[PDB]
Amino acid sequence: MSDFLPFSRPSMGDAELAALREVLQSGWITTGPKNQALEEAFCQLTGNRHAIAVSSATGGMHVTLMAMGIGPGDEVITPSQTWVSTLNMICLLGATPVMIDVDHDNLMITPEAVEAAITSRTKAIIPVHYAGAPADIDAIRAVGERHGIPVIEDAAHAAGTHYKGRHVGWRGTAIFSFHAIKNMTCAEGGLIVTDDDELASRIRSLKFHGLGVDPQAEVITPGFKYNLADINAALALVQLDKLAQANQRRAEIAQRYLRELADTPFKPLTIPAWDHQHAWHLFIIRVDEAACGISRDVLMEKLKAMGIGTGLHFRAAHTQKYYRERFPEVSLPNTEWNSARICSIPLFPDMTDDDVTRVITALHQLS
Amino acid sequence: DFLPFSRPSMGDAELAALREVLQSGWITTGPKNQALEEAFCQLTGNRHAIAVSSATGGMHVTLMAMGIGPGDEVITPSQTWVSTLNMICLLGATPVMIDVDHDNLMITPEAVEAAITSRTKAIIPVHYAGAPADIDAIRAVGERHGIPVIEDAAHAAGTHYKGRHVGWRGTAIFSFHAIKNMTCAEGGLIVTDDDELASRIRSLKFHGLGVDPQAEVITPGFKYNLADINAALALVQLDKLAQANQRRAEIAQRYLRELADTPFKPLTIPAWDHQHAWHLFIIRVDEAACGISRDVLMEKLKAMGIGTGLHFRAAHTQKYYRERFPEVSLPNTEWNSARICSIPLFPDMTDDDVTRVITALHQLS
Ligand SMILES: *Cc1c(COP(=O)(O)O)cnc(C)c1O
Ligand SMILES: *Cc1c(COP(=O)(O)O)cnc(C)c1O
């Protein structure tokens, strides 16, 4: 399978291996100075005040919602059109996810859909910056502010995303991911930025056993273990140093897909009208059987037979067994239409121009 | 020139394993995880091995997979790391803290039996400092009452009990944290002989995904999977474990011999047949006997360039547990928790490093 083109691969090379050598030689391999440097780097990148490195964005979401006091009786507004981690963490704190629909062409929640779903129980709103584009975060924030409801941003796809001239997470609270397919990776990892001093203090304690000072450190309240090792933080620092060039190459690839699929029936997501810089984490197409003459599932299967990988980001959460059975009344037409028709085609900066031509040619052949 | 109480043994073999993973492009959970799990089944003899992001997370998902929650009691020492107590509480269950033997810091079958109620749903013995608890006797109490025994084997990679590796049967959780005898900086691994428990754990450490067709959320789960970068490090460290533990044993034997004529008191070696992994070398520091307190000894050792650790400040004496469970009174735990410290023990210590520690302790007596 040496000729298989996956939909993503990391850009790991000599720089990463040299950073690893440095940490190994130091003998300080779990959380330490590389974590501190990564956190400082994300404060400089975003402009926000506090950065907390964690073992995954999922764990980051877990401890952020926990630190806010989210629990039984509370509602959290979220798309269904996202990764299931967020819905799972809401449920596992005992709270209730309130799933709302998304815009049919950029797959992100709207301020109107948020406002319609607010109740006296709502304790957080979690927009997703999808595929590398930002949600209309000022408008969503304005809805939250009017009701006194915090907005927690799922920025997994948004390392390098700008919104109205600032990096995502420049204010408010946002959670980044360093999973293997993310634009910067340390295999598994994540990072929370926030402007809220008390929230940051609670998060730092709750990702490391609830330890704090009452004197020596001791458990103040039970917490979890979601700290990031320095081996991983060192990889993340290298990948952050590479991120601008990685995203530039991703944008060049995505622009070519936009142009050369314009005269095919496959339908990319639409670029938001608000000012932004897209990180191009994923290149998603909608495959409508009536327009394309091929279904999404069959397209993925035939691409695979041609040696071309694809991903499904995402099967809507409310269509999956647990949520389907717990929340059977949830009906989200834009989500359901897209979830059945989307796939992610290869997009990663180590792709060659000929890799891109191979994908485009296969899509023209399969139309 | 500082001699810490622990340092990992990382070199070219670890760097070469990392190189291989990076070159493959498959950096999170994958074939190295599979190989690590198979290697732990070969090491222990047990059937299922599930690699996880930390032993804490492993404890979280193991108790969750057993159905532990509100209304359930879990018997545990207070004399352990706070992670276990925290995970019990954060599942909504109730920790029932019991005392430990005053000289090896492990729970006894009698103490377990005395704490059992109709609400008890698990017993969690700790294999402490590299020695095994009397696990057959504790298991027998559990079996008589129908209560599962989940073993905290963080300290016990390489520990044998009656000729088998810890975790050869039953359920046990290992840690690969930086100070453990084999490390991948952070990581852990669950072994179990229970097919259904293993199936649930595997799903619950990766988002609750399972097959009802394609995988989907069957019930919400957590994210505690181990990356292949880390699994590859764990494999190298497992290949080194026997030699690492042999060197630890040589150092520990020299401490036992050359501290015999000091008032510092090591833990006692259990009477049941075992092989000690020598994760920690713990001494008790009684001011009446030693002329110096535990805290002052740690401070003066640090001033001499010698690090020490405290494994552990008993959980029930820490703010949350002291205020939530003020009634807990555990005399052997309290006596030892105020008097123990861990002196340097790791396989990269040279003979001169060990002599430095012994010399300082004789000087400070
Ligand atoms: C995968 C992902 C997450 C979780 O990130 P991890 O770092 O893998 O835990 C959260 N939100 C979205 C939208 C994701 O794609
Ligand atoms: C530290 C430790 C744990 C937890 O292990 P992690 O890998 O750090 O999560 C559990 N039990 C004992 C006895 C420990 O020392």
# chains A, B, ... in the order shown; residues from 1 in each chain; ligands from 1

call {"tool": "closest_atom_pairs", "arguments": {"of": "region 187-306 of chain A", "to": "region 60-74 of chain B", "cutoff": "12 Å", "atoms": "only C-alpha atoms", "output": "Markdown table"}}
result
| residue | atom | partner | partner_atom | distance |
| --- | --- | --- | --- | --- |
| A:223 | CA | B:60 | CA | 11.3 |
| A:224 | CA | B:60 | CA | 9.0 |
| A:225 | CA | B:60 | CA | 9.9 |

call {"tool": "write_last_selection", "arguments": {"atoms": "C-alpha atoms", "output": "PDB file, in the first residue's frame"}}
result
ATOM      1  CA  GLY A 223      -9.984  16.268  39.641  1.00  0.00           C
ATOM      2  CA  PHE A 224      -8.914  14.309  36.604  1.00  0.00           C
ATOM      3  CA  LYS A 225      -5.564  13.584  34.969  1.00  0.00           C
TER       4      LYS A 225
END

call {"tool": "residues_around", "arguments": {"residues": "region 281-297 of chain B", "least_positions_apart": "2", "cutoff": "10 Å", "atoms": "only C-alpha atoms", "output": "number ranges by chain"}}
result
B: 5, 103-104, 129-130, 248-249, 251-253, 255-256, 259, 262-267, 278-279, 299-303, 308-311, 335-346, 360-361, 364-365

call {"tool": "write_last_selection", "arguments": {"atoms": "C-alpha atoms", "output": "PDB file, in the first residue's frame"}}
result
ATOM      1  CA  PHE B   5      15.130  10.719  43.722  1.00  0.00           C
ATOM      2  CA  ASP B 103       5.477  -1.894  58.194  1.00  0.00           C
ATOM      3  CA  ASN B 104       4.710  -2.609  54.502  1.00  0.00           C
ATOM      4  CA  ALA B 129       6.831   0.332  46.456  1.00  0.00           C
ATOM      5  CA  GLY B 130       7.385  -2.757  44.276  1.00  0.00           C
ATOM      6  CA  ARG B 248      17.206  -1.282  41.373  1.00  0.00           C
ATOM      7  CA  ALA B 249      17.382  -4.424  43.512  1.00  0.00           C
ATOM      8  CA  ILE B 251      20.810  -0.521  45.033  1.00  0.00           C
ATOM      9  CA  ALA B 252      17.959  -1.385  47.396  1.00  0.00           C
ATOM     10  CA  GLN B 253      19.937  -4.291  48.881  1.00  0.00           C
ATOM     11  CA  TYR B 255      20.464   0.533  51.273  1.00  0.00           C
ATOM     12  CA  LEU B 256      18.987  -2.261  53.383  1.00  0.00           C
ATOM     13  CA  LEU B 259      21.097   1.648  56.730  1.00  0.00           C
ATOM     14  CA  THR B 262      21.100   3.815  61.313  1.00  0.00           C
ATOM     15  CA  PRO B 263      17.780   4.622  63.027  1.00  0.00           C
ATOM     16  CA  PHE B 264      16.085   5.146  59.652  1.00  0.00           C
ATOM     17  CA  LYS B 265      13.610   2.285  59.195  1.00  0.00           C
ATOM     18  CA  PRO B 266      12.905   0.769  55.744  1.00  0.00           C
ATOM     19  CA  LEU B 267       9.675  -1.008  54.980  1.00  0.00           C
ATOM     20  CA  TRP B 278      11.996  -1.911  43.932  1.00  0.00           C
ATOM     21  CA  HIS B 279      10.105   1.035  42.560  1.00  0.00           C
ATOM     22  CA  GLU B 299      15.177  19.778  53.504  1.00  0.00           C
ATOM     23  CA  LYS B 300      18.744  19.057  54.639  1.00  0.00           C
ATOM     24  CA  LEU B 301      19.175  16.366  51.986  1.00  0.00           C
ATOM     25  CA  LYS B 302      18.047  18.890  49.350  1.00  0.00           C
ATOM     26  CA  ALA B 303      20.622  21.395  50.673  1.00  0.00           C
ATOM     27  CA  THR B 308      13.611  12.909  48.013  1.00  0.00           C
ATOM     28  CA  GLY B 309       9.930  12.188  47.450  1.00  0.00           C
ATOM     29  CA  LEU B 310       6.857  11.717  49.612  1.00  0.00           C
ATOM     30  CA  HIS B 311       4.903   8.645  48.475  1.00  0.00           C
ATOM     31  CA  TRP B 335       1.880   7.451  61.775  1.00  0.00           C
ATOM     32  CA  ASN B 336       3.663   6.495  58.554  1.00  0.00           C
ATOM     33  CA  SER B 337       2.356   9.348  56.384  1.00  0.00           C
ATOM     34  CA  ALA B 338       4.009  11.824  58.760  1.00  0.00           C
ATOM     35  CA  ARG B 339       7.305   9.901  58.786  1.00  0.00           C
ATOM     36  CA  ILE B 340       7.997   8.420  55.317  1.00  0.00           C
ATOM     37  CA  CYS B 341      10.140   9.641  52.492  1.00  0.00           C
ATOM     38  CA  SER B 342      11.568   8.067  49.338  1.00  0.00           C
ATOM     39  CA  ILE B 343      15.333   8.293  48.858  1.00  0.00           C
ATOM     40  CA  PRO B 344      16.969   8.147  45.399  1.00  0.00           C
ATOM     41  CA  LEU B 345      16.365   4.835  43.631  1.00  0.00           C
ATOM     42  CA  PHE B 346      16.663   4.502  39.860  1.00  0.00           C
ATOM     43  CA  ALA B 360      24.438  11.857  53.921  1.00  0.00           C
ATOM     44  CA  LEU B 361      21.964   9.771  55.899  1.00  0.00           C
ATOM     45  CA  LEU B 364      22.252  13.490  59.330  1.00  0.00           C
ATOM     46  CA  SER B 365      21.423  10.787  61.917  1.00  0.00           C
TER      47      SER B 365
END

call {"tool": "residues_around", "arguments": {"residues": "region 37-44 of chain B", "least_positions_apart": "3", "cutoff": "6 Å", "atoms": "only C-alpha atoms", "output": "number ranges by chain"}}
result
B: 34, 47, 49, 165, 167-168

call {"tool": "residues_around", "arguments": {"residues": "residue 275 (chain B)", "least_positions_apart": "5", "cutoff": "8 Å", "atoms": "only C-alpha atoms", "output": "ChimeraX atom specification"}}
result
/B:131,158-161,163

call {"tool": "write_last_selection", "arguments": {"atoms": "C-alpha atoms", "output": "PDB file, in the first residue's frame"}}
result
ATOM      1  CA  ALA B 131       6.255  -5.439  46.722  1.00  0.00           C
ATOM      2  CA  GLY B 158       8.215  -6.555  37.276  1.00  0.00           C
ATOM      3  CA  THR B 159       6.741  -7.599  40.613  1.00  0.00           C
ATOM      4  CA  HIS B 160       6.165 -11.336  41.090  1.00  0.00           C
ATOM      5  CA  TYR B 161       3.866 -13.007  43.623  1.00  0.00           C
ATOM      6  CA  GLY B 163       6.135 -17.172  41.069  1.00  0.00           C
TER       7      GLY B 163
END

call {"tool": "interface_residues", "arguments": {"of": "chain A", "to": "chain B", "cutoff": "7 Å", "atoms": "only C-alpha atoms", "output": "ChimeraX atom specification"}}
result
/A:9-10,12,17,21,24,27,29-30,58-59,85,88,92,180,187-188,209,218-223,225,229,320-322

call {"tool": "write_last_selection", "arguments": {"atoms": "C-alpha atoms", "output": "CSV table (one decimal), in the first residue's frame"}}
result
chain,number,residue,atom,x,y,z
A,9,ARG,CA,-0.7,12.4,7.2
A,10,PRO,CA,1.5,14.3,9.7
A,12,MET,CA,7.0,14.6,11.1
A,17,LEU,CA,13.1,14.1,16.2
A,21,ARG,CA,16.1,14.1,21.6
A,24,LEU,CA,14.9,12.7,26.4
A,27,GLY,CA,15.5,13.5,31.7
A,29,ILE,CA,9.9,13.9,30.1
A,30,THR,CA,6.5,14.8,31.5
A,58,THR,CA,-11.7,16.1,24.7
A,59,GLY,CA,-10.2,16.2,28.1
A,85,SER,CA,-16.6,14.1,22.3
A,88,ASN,CA,-20.2,12.8,25.5
A,92,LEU,CA,-20.8,12.5,31.5
A,180,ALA,CA,-2.6,13.4,14.5
A,187,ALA,CA,-0.2,12.8,18.2
A,188,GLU,CA,-2.6,13.5,21.1
A,209,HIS,CA,-5.9,15.7,40.3
A,218,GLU,CA,-3.2,18.9,48.4
A,219,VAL,CA,-6.5,17.9,46.9
A,220,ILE,CA,-9.0,20.8,47.1
A,221,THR,CA,-11.7,18.9,45.2
A,222,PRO,CA,-11.4,15.8,43.1
A,223,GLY,CA,-10.0,16.3,39.6
A,225,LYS,CA,-5.6,13.6,35.0
A,229,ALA,CA,3.8,15.4,28.8
A,320,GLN,CA,-25.9,7.6,16.5
A,321,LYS,CA,-27.5,5.0,18.7
A,322,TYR,CA,-27.1,6.5,22.1

call {"tool": "residues_near_ligand", "arguments": {"ligand": "ligand 1", "cutoff": "9 Å", "atoms": "only C-alpha atoms and all ligand atoms", "output": "compact mmCIF listing (two decimals) with N, CA, C and O atoms, in the first residue's frame"}}
result
# COMPACT_ATOMS: atom_id res chain seq x y z
N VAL A 54 -3.31 20.44 27.66
CA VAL A 54 -3.99 19.24 28.15
C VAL A 54 -3.69 18.06 27.23
O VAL A 54 -3.08 18.19 26.16
N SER A 55 -4.10 16.86 27.68
CA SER A 55 -3.75 15.62 27.01
C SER A 55 -4.56 15.35 25.75
O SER A 55 -4.16 14.50 24.94
N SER A 56 -5.69 16.05 25.58
CA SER A 56 -6.53 15.97 24.40
C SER A 56 -7.52 17.14 24.47
O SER A 56 -7.78 17.66 25.55
N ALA A 57 -8.07 17.53 23.32
CA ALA A 57 -9.12 18.54 23.35
C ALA A 57 -10.37 18.01 24.04
O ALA A 57 -11.08 18.78 24.70
N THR A 58 -10.64 16.71 23.93
CA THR A 58 -11.75 16.09 24.67
C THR A 58 -11.59 16.32 26.17
O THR A 58 -12.53 16.74 26.85
N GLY A 59 -10.43 15.98 26.71
CA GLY A 59 -10.20 16.22 28.13
C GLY A 59 -10.28 17.70 28.47
O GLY A 59 -10.78 18.08 29.53
N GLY A 60 -9.79 18.54 27.57
CA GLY A 60 -9.92 19.98 27.76
C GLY A 60 -11.37 20.42 27.88
O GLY A 60 -11.71 21.22 28.75
N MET A 61 -12.23 19.87 27.02
CA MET A 61 -13.65 20.20 27.09
C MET A 61 -14.24 19.69 28.40
O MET A 61 -15.00 20.40 29.07
N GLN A 81 -23.84 18.34 14.51
CA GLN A 81 -22.85 18.26 13.45
C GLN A 81 -21.49 18.65 14.02
O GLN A 81 -21.02 19.78 13.87
N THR A 82 -20.88 17.69 14.72
CA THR A 82 -19.57 17.85 15.36
C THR A 82 -19.09 16.45 15.74
O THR A 82 -19.77 15.45 15.49
N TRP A 83 -17.89 16.39 16.32
CA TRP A 83 -17.39 15.16 16.89
C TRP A 83 -18.12 14.85 18.20
O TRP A 83 -18.50 15.75 18.95
N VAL A 84 -18.32 13.55 18.46
CA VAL A 84 -19.15 13.14 19.59
C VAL A 84 -18.52 13.47 20.94
O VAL A 84 -19.21 13.41 21.96
N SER A 85 -17.22 13.76 20.99
CA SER A 85 -16.57 14.05 22.27
C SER A 85 -17.32 15.11 23.07
O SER A 85 -17.51 14.96 24.28
N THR A 86 -17.71 16.21 22.42
CA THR A 86 -18.37 17.29 23.15
C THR A 86 -19.69 16.83 23.77
O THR A 86 -19.96 17.11 24.94
N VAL A 128 -18.78 25.42 17.00
CA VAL A 128 -17.65 24.75 16.35
C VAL A 128 -17.20 25.58 15.16
O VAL A 128 -17.99 25.90 14.26
N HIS A 129 -15.92 25.89 15.14
CA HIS A 129 -15.24 26.45 13.98
C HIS A 129 -14.93 25.30 13.04
O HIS A 129 -14.04 24.51 13.32
N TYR A 130 -15.67 25.17 11.96
CA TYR A 130 -15.71 23.93 11.19
C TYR A 130 -14.79 23.97 9.98
O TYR A 130 -14.85 24.88 9.15
N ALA A 131 -13.94 22.94 9.88
CA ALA A 131 -13.05 22.66 8.76
C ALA A 131 -11.92 23.67 8.62
O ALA A 131 -11.09 23.52 7.70
N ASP A 154 -15.19 25.45 20.34
CA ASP A 154 -14.50 24.25 19.89
C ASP A 154 -13.65 24.65 18.69
O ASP A 154 -14.18 24.84 17.58
N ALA A 155 -12.37 24.88 18.93
CA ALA A 155 -11.40 25.35 17.95
C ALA A 155 -10.46 24.24 17.49
O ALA A 155 -9.35 24.51 17.03
N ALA A 156 -10.91 22.99 17.58
CA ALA A 156 -10.09 21.87 17.14
C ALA A 156 -9.59 22.06 15.72
O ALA A 156 -8.45 21.70 15.39
N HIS A 157 -10.44 22.57 14.84
CA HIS A 157 -10.09 22.72 13.44
C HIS A 157 -9.42 24.05 13.13
O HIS A 157 -9.17 24.33 11.95
N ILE A 175 -10.83 25.98 22.76
CA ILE A 175 -10.12 24.73 22.99
C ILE A 175 -9.60 24.21 21.65
O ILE A 175 -10.38 23.94 20.72
N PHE A 176 -8.27 24.08 21.54
CA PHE A 176 -7.57 23.56 20.38
C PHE A 176 -7.21 22.08 20.57
O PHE A 176 -7.08 21.60 21.70
N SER A 177 -7.04 21.38 19.44
CA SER A 177 -6.64 19.97 19.39
C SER A 177 -5.33 19.80 18.64
O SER A 177 -5.12 20.41 17.58
N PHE A 178 -4.48 18.90 19.15
CA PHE A 178 -3.23 18.51 18.51
C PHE A 178 -3.25 17.03 18.13
O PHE A 178 -2.20 16.38 18.05
N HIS A 179 -4.44 16.46 17.93
CA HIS A 179 -4.55 15.10 17.41
C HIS A 179 -3.82 14.97 16.07
O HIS A 179 -3.62 15.95 15.36
N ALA A 180 -3.45 13.74 15.73
CA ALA A 180 -2.64 13.42 14.55
C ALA A 180 -3.10 14.02 13.22
O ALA A 180 -2.25 14.23 12.34
N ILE A 181 -4.40 14.23 13.00
CA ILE A 181 -4.84 14.82 11.73
C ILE A 181 -5.01 16.34 11.80
O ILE A 181 -5.39 16.96 10.79
N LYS A 182 -4.77 16.95 12.95
CA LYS A 182 -4.92 18.38 13.11
C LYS A 182 -3.75 19.12 12.46
O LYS A 182 -2.69 18.55 12.20
N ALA A 187 0.47 14.07 18.25
CA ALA A 187 -0.18 12.76 18.24
C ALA A 187 -1.49 12.81 19.01
O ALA A 187 -2.54 12.52 18.43
N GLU A 188 -1.44 13.15 20.30
CA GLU A 188 -2.61 13.48 21.10
C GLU A 188 -2.24 14.66 21.98
O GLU A 188 -1.15 14.69 22.54
N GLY A 189 -3.14 15.62 22.08
CA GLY A 189 -2.91 16.78 22.91
C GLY A 189 -3.97 17.81 22.63
O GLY A 189 -4.73 17.70 21.68
N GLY A 190 -3.99 18.83 23.47
CA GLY A 190 -4.86 19.97 23.22
C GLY A 190 -4.47 21.12 24.12
O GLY A 190 -3.52 21.04 24.88
N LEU A 191 -5.24 22.21 24.00
CA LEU A 191 -4.89 23.41 24.75
C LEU A 191 -6.09 24.33 24.84
O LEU A 191 -6.77 24.58 23.83
N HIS A 313 -16.24 13.51 8.38
CA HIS A 313 -16.20 14.50 9.45
C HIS A 313 -17.45 15.37 9.29
O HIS A 313 -17.38 16.41 8.64
N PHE A 314 -18.59 14.98 9.86
CA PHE A 314 -18.79 13.87 10.79
C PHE A 314 -20.15 13.26 10.54
O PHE A 314 -21.04 13.93 9.98
N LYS B 223 -11.90 9.86 26.59
CA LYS B 223 -10.75 9.74 25.69
C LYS B 223 -9.51 9.49 26.55
O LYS B 223 -8.93 10.43 27.11

call {"tool": "select_by_dssp", "arguments": {"residues": "region 54-166 of chain B", "states": "strand (DSSP E or B)", "output": "JSON, numbers by chain"}}
result
{"B": [73, 74, 75, 76, 77, 94, 95, 96, 97, 98, 120, 121, 122, 123, 126, 129, 131, 149, 150, 151, 152, 160, 161, 164, 165]}

call {"tool": "residues_around", "arguments": {"residues": "residue 198 (chain B)", "least_positions_apart": "4", "cutoff": "10 Å", "atoms": "only C-alpha atoms", "output": "PDB file with N, CA and C atoms, in the first residue's frame"}}
result
ATOM      1  N   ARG B  47      -5.200 -12.480  29.923  1.00  0.00           N
ATOM      2  CA  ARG B  47      -5.784 -12.645  28.598  1.00  0.00           C
ATOM      3  C   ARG B  47      -5.880 -11.341  27.820  1.00  0.00           C
ATOM      4  N   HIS B  48      -6.387 -10.297  28.461  1.00  0.00           N
ATOM      5  CA  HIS B  48      -6.641  -9.009  27.834  1.00  0.00           C
ATOM      6  C   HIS B  48      -5.736  -7.930  28.398  1.00  0.00           C
ATOM      7  N   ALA B  49      -5.214  -7.084  27.517  1.00  0.00           N
ATOM      8  CA  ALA B  49      -4.420  -5.923  27.904  1.00  0.00           C
ATOM      9  C   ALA B  49      -4.949  -4.734  27.138  1.00  0.00           C
ATOM     10  N   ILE B  50      -5.168  -3.618  27.837  1.00  0.00           N
ATOM     11  CA  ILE B  50      -5.735  -2.409  27.250  1.00  0.00           C
ATOM     12  C   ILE B  50      -4.843  -1.240  27.633  1.00  0.00           C
ATOM     13  N   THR B  62     -12.046   1.575  34.244  1.00  0.00           N
ATOM     14  CA  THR B  62     -12.284   0.243  34.795  1.00  0.00           C
ATOM     15  C   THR B  62     -13.443   0.268  35.786  1.00  0.00           C
ATOM     16  N   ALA B  65     -16.652   0.873  33.817  1.00  0.00           N
ATOM     17  CA  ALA B  65     -17.079  -0.329  33.103  1.00  0.00           C
ATOM     18  C   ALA B  65     -17.722  -1.354  34.025  1.00  0.00           C
ATOM     19  N   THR B 171      -7.727  -8.549  37.662  1.00  0.00           N
ATOM     20  CA  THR B 171      -7.660  -7.260  36.984  1.00  0.00           C
ATOM     21  C   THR B 171      -6.648  -6.372  37.704  1.00  0.00           C
ATOM     22  N   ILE B 190      -4.186  -1.689  31.485  1.00  0.00           N
ATOM     23  CA  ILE B 190      -5.069  -2.554  32.262  1.00  0.00           C
ATOM     24  C   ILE B 190      -4.935  -3.970  31.723  1.00  0.00           C
ATOM     25  N   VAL B 191      -4.727  -4.951  32.624  1.00  0.00           N
ATOM     26  CA  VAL B 191      -4.873  -6.362  32.282  1.00  0.00           C
ATOM     27  C   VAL B 191      -6.099  -6.914  32.977  1.00  0.00           C
ATOM     28  N   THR B 192      -6.776  -7.822  32.289  1.00  0.00           N
ATOM     29  CA  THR B 192      -7.930  -8.465  32.891  1.00  0.00           C
ATOM     30  C   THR B 192      -8.184  -9.810  32.245  1.00  0.00           C
ATOM     31  N   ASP B 193      -8.798 -10.695  33.026  1.00  0.00           N
ATOM     32  CA  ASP B 193      -9.228 -11.994  32.537  1.00  0.00           C
ATOM     33  C   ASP B 193     -10.720 -12.025  32.227  1.00  0.00           C
ATOM     34  N   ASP B 194     -11.386 -10.876  32.294  1.00  0.00           N
ATOM     35  CA  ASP B 194     -12.832 -10.779  32.151  1.00  0.00           C
ATOM     36  C   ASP B 194     -13.136 -10.225  30.757  1.00  0.00           C
ATOM     37  N   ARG B 202     -12.472  -1.101  26.523  1.00  0.00           N
ATOM     38  CA  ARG B 202     -11.943  -0.657  25.240  1.00  0.00           C
ATOM     39  C   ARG B 202     -12.841   0.400  24.622  1.00  0.00           C
ATOM     40  N   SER B 203     -14.150   0.249  24.784  1.00  0.00           N
ATOM     41  CA  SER B 203     -15.074   1.234  24.246  1.00  0.00           C
ATOM     42  C   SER B 203     -15.032   2.515  25.064  1.00  0.00           C
ATOM     43  N   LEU B 204     -15.005   2.397  26.391  1.00  0.00           N
ATOM     44  CA  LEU B 204     -15.136   3.577  27.227  1.00  0.00           C
ATOM     45  C   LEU B 204     -13.888   4.444  27.273  1.00  0.00           C
TER      46      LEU B 204
END

call {"tool": "residues_around", "arguments": {"residues": "region 354-356 of chain A", "least_positions_apart": "5", "cutoff": "8 Å", "atoms": "only C-alpha atoms", "output": "short mmCIF file (atom, residue, chain, number, x, y, z; two decimals) with N, CA and C atoms, in the first residue's frame"}}
result
data_model
loop_
_atom_site.label_atom_id
_atom_site.label_comp_id
_atom_site.auth_asym_id
_atom_site.auth_seq_id
_atom_site.Cartn_x
_atom_site.Cartn_y
_atom_site.Cartn_z
N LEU A 5 -2.82 7.08 -1.04
CA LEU A 5 -2.86 8.48 -0.65
C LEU A 5 -3.90 8.64 0.46
N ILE A 253 -3.56 24.09 -1.76
CA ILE A 253 -4.23 22.88 -2.22
C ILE A 253 -5.73 23.11 -2.27
N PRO A 346 -8.39 14.18 0.39
CA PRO A 346 -7.04 14.40 0.95
C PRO A 346 -6.63 15.86 1.01
#

call {"tool": "closest_residue", "arguments": {"among": "B:169, B:180, B:119, B:144", "to": "ligand 2", "atoms": "only C-alpha atoms and all ligand atoms"}}
result
B:180

call {"tool": "select_by_dssp", "arguments": {"residues": "region 47-281 of chain A", "states": "helix (DSSP H, G or I)", "output": "ChimeraX atom specification"}}
result
/A:57-67,84-92,111-117,137-147,197-206,230-260

call {"tool": "atom_distance", "arguments": {"atom1": "CA of residue 143 (chain A)", "atom2": "CA of residue 120 (chain A)"}}
result
14.0 Å

call {"tool": "atom_distance", "arguments": {"atom1": "atom 12 (C, counted along the ligand's line) of ligand 2", "atom2": "CA of residue 182 (chain B)"}}
result
13.9 Å

call {"tool": "residues_around", "arguments": {"residues": "region 164-171 of chain A", "least_positions_apart": "3", "cutoff": "9 Å", "atoms": "only C-alpha atoms", "output": "JSON, numbers by chain"}}
result
{"A": [43, 45, 46, 47, 48, 49, 129, 134, 153, 155, 158, 159, 160, 161, 174, 175, 193, 194, 195, 274, 275, 276, 277]}

call {"tool": "atom_distance", "arguments": {"atom1": "CA of residue 236 (chain B)", "atom2": "atom 3 (C, counted along the ligand's line) of ligand 2"}}
result
21.1 Å

call {"tool": "closest_residue", "arguments": {"among": "B:326, B:30, B:188, B:307", "to": "residue 152 (chain B)", "atoms": "only C-alpha atoms"}}
result
B:188

call {"tool": "closest_residue", "arguments": {"among": "A:315, A:304, A:326, A:249", "to": "residue 1 (chain A)", "atoms": "only C-alpha atoms"}}
result
A:304
